[PDB]
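Each chain gets a letter, A, B and so on, in the order its sequence line appears, and its residues count up from 1. Just follow the structure's listing: the first ligand is 1, and inside any ligand the first atom is 1.
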There are 2 protein chains.
Amino acid sequence: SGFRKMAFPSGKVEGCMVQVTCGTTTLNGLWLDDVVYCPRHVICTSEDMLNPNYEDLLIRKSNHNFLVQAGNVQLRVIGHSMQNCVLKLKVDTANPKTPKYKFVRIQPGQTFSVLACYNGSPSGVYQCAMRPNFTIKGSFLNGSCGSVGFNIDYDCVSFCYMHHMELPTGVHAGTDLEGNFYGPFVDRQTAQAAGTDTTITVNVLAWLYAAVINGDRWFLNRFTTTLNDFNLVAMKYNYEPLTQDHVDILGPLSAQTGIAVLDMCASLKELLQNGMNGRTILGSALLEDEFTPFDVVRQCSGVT
Amino acid sequence: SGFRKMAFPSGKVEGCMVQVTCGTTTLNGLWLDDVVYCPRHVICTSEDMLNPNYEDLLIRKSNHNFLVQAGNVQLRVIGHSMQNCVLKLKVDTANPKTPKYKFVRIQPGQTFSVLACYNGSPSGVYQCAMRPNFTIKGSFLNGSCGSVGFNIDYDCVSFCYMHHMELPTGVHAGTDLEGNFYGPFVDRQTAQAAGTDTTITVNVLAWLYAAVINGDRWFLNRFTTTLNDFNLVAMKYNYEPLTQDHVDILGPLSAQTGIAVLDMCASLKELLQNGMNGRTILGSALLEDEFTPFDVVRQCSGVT
Ligand SMILES: O=C(c1cncc2ccccc12)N1CCN(c2cccc(Cl)c2)C(=O)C1
Ligand SMILES: O=C(c1cncc2ccccc12)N1CCN(c2cccc(Cl)c2)C(=O)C1
C-alpha cells in the first residue's frame, strides 16, 4: 500500500544524456545510435532569441561549431540538420548505452517521467502530465533545455518530450523528439498565451480508485449520477468532460473495487460541490489529476 | 522555476539490484562488490513469521539454498552471514556496475530516493522522508522487500534504507544497510505501534522559502515571532520544535529571499492558526514537510 508520484527508473535515459555547446550556448542533448537530438535554439545568441531566423542562423554554423561531450569525451560531429525545432547532429560513434527506444507524441492528460539535466549530467527525476493546454508543470532551471520526458515499457524507452522553454507564467513548453511543439508555442522569446488549463477528469477518477484501494474511503457516498449530469458539474469546475472511452478505461479499477464508474463520478461531483472540508485523500488536500488509470493499476500491481 | 518531489537519477542503484530466493520466498537484494545484502526474513516461511528464531532458521540454511540472480545470470554464493536484520551473501563475482558507495544511517526528517523493486527488477523511483516516528510513507507491494533508499553526492551513492515491512496502518519500516531497524520495529508479524508522527518544521519552512522563490507569496505577512513563541504554536499542531540549528540551516534560504527565518515562522504560525482558506502553495493545499533545506537549495540551484 501507499501512493506516491512515482517516476520510471531513469538509468536507460541517463546513459543517453550529452552536453551540446554552440557558440556561447550550452544545453543537453539526447544521444541515440549515432544521432544527438537537441533544441535548435542552441544556435542562438541572446540578441537573436527575440525573433530568430533559424534557417539563416543555422547557415552560419558548420559541423565543427557543434561541440558534443558525453561525460568527459568529445564526440565528432559529421552531420547536422534541423527537423522542426530540434537539431540532429550526426556523430561518428553509436551510443553503446542506447536502449531499445521509440519516439512518441503523447496525448494531453498522459503522464511521463522527466530526467532534469544540466551540462549533460542528470540531476533529478520526477513524474508529470502533459496538461490539456499542452504545457507541463515541471521543475527546470537555466541550462535544463534538452532534458527529456519518457515512458518505459519493460525494456523499451518511449521518448515523448524535450524541454525547450519556460513561459513567463513559470510553466514549461517543449517538443516531441521530431521537434514539433506540444501546443501553439514557438521557440521565440515573446509573450505566449498558455491557455485555460482544465483538470484531467479521467485521472482524478483513477486516483479516487487508488484512494479506495489504499483504504481512504471517506469520500464515498450513497449516490450515483449519469455521464451527462456529471459533465454539467465538470464544466462548472473546469474539468474535462468524461466520455464512454474514459469509463471503459476505468473498467479494471471499477472491477477491482466493485465501485461502478458512475458511482465514483457522484463522489467526485460531491467533492467538487462541497470541497474536502479540511480532510485529505492519499495525503493530499486537493484532487490529484497527474495519475492516469494505467499509472494507478501499475503502482497497485507492480509492473517492472 | 517549478517545484516537484524530485528523486535522484536511479541508474547507479538499478545496476545493483538482484533477486534473492530462499526456499519459497523471493525478494530483492543489493549487490555491491562481492556481497549481496537482503532482509533476513527471506529465510522465513509463513508459519515462522509470527515469532521467528532467525539464528535457528539460518542454521538449517547453506550457501546453495540462497539463489541470487542478477538479470538472467545466476550468482554463485560462497558465504552467508547475518548482521542484525540483514543477510550478507558473499558471491564469487564483484558487481561490475558497483558505484562509489557508502552506508549511512539517516536522521529523522532527512529525505532520500527509493527505487521500488520486484523480483530484482526496478519498477519506479520516488522521493520520501524518514518520518520523526522512523517510518516512511512509501509505495510498496508484495515482493518489494529489499528495495533501497539512497542519496547521491555527485558520483557517490549513500544507501540509507532497505525495505522490510508494511505495518497494519499502511506505513513502511525498514533498516539501514547494517540491518538496524529505524525505530522500535522488529521483523516479526506482530502488531507494532508506529508512534505519533509529527511535522518536520524545518522542512515546511524550507518549502515556504521554495514557494517564495517560485512566486507564491500570498502567505507572507507583516508579522514576526520569537523561537519560543513559535514553538508554543508548533507544539499545539504536532510540529517539531524549531531550534537555532534549524534557523542556521535556513540561512542560505533566508539570504536568497531576504526574509528573516523568524518572519517566515510568523507566516507559518498564521497558516497553522488560520488554514489555507482554500488557497494553494506550490500546487499543494497542505503544508509540505518532505523537502529539506538542502533539497530546496538543490532544486533551486541545479546540482548534478
Ligand atoms: O535555460 C533556459 C531555461 C529553461 N527552463 C527553465 C528555466 C528557468 C529559469 C531560467 C532559465 C530557464 N532558458 C534559455 C532558453 N529559453 C528560451 C527562450 C526563448 C525561446 C526558446 Cl526555444 C528558449 C528559455 O525559455 C529559458
Ligand atoms: O512483501 C511484503 C510487503 C512489503 N511491503 C509492502 C507490502 C504491501 C502489501 C503486501 C505485502 C507487502 N511482505 C512480506 C514480508 N512482510 C513481513 C512480515 C513480518 C516481518 C517482516 Cl520483517 C516482513 C511484510 O510485512 C509484507
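- Near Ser1(A), with a cut-off below 4.0 Å to any heavy atom, the atoms of ligand 2 are 8 (C).
- Under the 3.5 Å distance criterion, with hydrogens and angles disregarded, a donor-acceptor pair is assigned to the side chains of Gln299(B) and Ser139(A).
- Looking at atom 15 (C) of ligand 2, its nearest protein heavy atom turns out to be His41(B) NE2, 3.7 Å.
- Counting heavy atoms closer than 4.0 Å to ligand 1, residue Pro39(A) contributes nothing at all.
- Note that SG of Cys160(B) and CG of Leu177(B) are 8.0 Å apart. Values are rounded to the nearest 0.5 Å.
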Can you list the steps and then say if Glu178(B) with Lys88(B) is a salt bridge (charged side-chain N to carboxylate O under 4.0 Å, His left out)?
-> CA-CA 10 Å; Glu178(B) 297 190 318; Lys88(B) 294 188 297 200; over 6 Å; no
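- Applying the 6.0 Å contact sphere to CZ of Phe134(B) captures more than 12 heavy atoms from other residues, nucleotides or ligands.
- The atoms of ligand 2 that sit less than 4.0 Å from any heavy atom of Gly143(B) are 1 (O).
- In this comparison of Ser46(A), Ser144(A), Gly138(A), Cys145(A), the heavy atom closest to atom 13 (N) of ligand 1 sits on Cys145(A).
- A donor-acceptor contact shorter than 3.5 Å is absent between the side chain of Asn214(A) and the backbone of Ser1(A).
- There is no protein heavy atom less than 4.0 angstrom from atom 26 (C) of ligand 2.
- Shown here is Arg217(B), whose CZ atom has no more than 12 heavy atoms of other residues, nucleotides or ligands within 6.0 Å.
- At the top of the distance list for atom 9 (C) of ligand 2, counting protein heavy atoms only, stands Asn142(B) N, 3.9 Å.
- Residue-to-ligand polar distances keep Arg188(B) apart from ligand 2: every N/O pair is separated by 3.5 Å or more.
- When all heavy atoms of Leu167(B) and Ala194(B) are compared, the pair lying nearest together is CD1-CB, 4.3 Å.
- Ranked by closest heavy atom to atom 19 (C) of ligand 1, the top entry among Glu166(A), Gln189(A), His172(A), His163(A) is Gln189(A).
- The closest protein non-hydrogen atom to atom 22 (Cl) of ligand 1 is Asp187(A) CB, 2.8 Å.
- Among all non-hydrogen protein atoms, the one lying nearest atom 6 (C) of ligand 2 is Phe140(B) O, 3.3 Å.
- Under 4.0 angstrom from ligand 1, the non-hydrogen atoms of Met165(A) come from both its backbone and its side chain.
- For atom 16 (N) of ligand 2, the nearest non-hydrogen atom of the protein is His164(B) O, 4.1 Å.
- Looking at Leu141(A), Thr25(A), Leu167(A) and measuring to atom 3 (C) of ligand 1, the nearest heavy atom belongs to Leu141(A).
- The N/O atoms of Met49(B), backbone and side chain alike, include none that comes under 3.5 Å of an N/O atom in ligand 2.
- Of the N and O atoms on the side chains of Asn133(A) and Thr135(A), at least one donor lies less than 3.5 Å from an acceptor on the other residue.
- Side-chain contact between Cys85(A) and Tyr54(A): absent, with no pair of heavy atoms (C-beta onward) separated by less than 4.5 Å.
- At most 12 non-hydrogen atoms from other residues, nucleotides or ligands lie less than 6.0 angstrom from CZ of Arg188(A).
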